[PDB]
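Sequential numbering of the sequence shown, starting at 668, is according to PDB author numbering. Just so you know, even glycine gets a beta-carbon here, dropped at the ideal spot from N, CA and C. Below: one structure, written as structure tokens.
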Amino acid sequence: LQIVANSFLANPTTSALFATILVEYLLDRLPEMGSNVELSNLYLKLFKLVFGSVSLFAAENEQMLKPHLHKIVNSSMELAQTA
């Protein structure tokens, strides 16, 4: 079913919206990445999908990723100490 998510991220009309929703959900689930290996691999692959969407539609996807960047970096560094 990633093919559907990839198709949303690859379409210009829905790429920004779906990326925003998916990053907000994944950031809400960021601590779980250090507990369950299955969910950790899933969340990592979905984050990679978002970042490839940022590569694809830079003009709007940069604006989408911009507010989240600080949370992503800081929480990844903070949660890895206890994960």
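Using a Cβ-Cβ distance cut-off of 8 Å, the region 723–739 and the region 681–694 are in contact, since at least three pairs of beta carbons, one from each stretch, lie closer than that value.
Judged by beta-carbon spacing, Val-717 lies beyond the 8 Å limit of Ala-677, meaning their Cβ atoms are not closer than that value. When the alpha-carbon of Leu-736 is set against those of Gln-669, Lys-712, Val-721 and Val-704, the nearest one is in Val-721. Within its own chain, the residues whose Cβ lies closer than 6 Å to the Cβ of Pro-698, once the five positions on either side in sequence are excluded, are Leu-746, listed in chain order. Counting of Cβ neighbours within 10 angstroms places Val-704 among the exposed residues, the total staying below 16.
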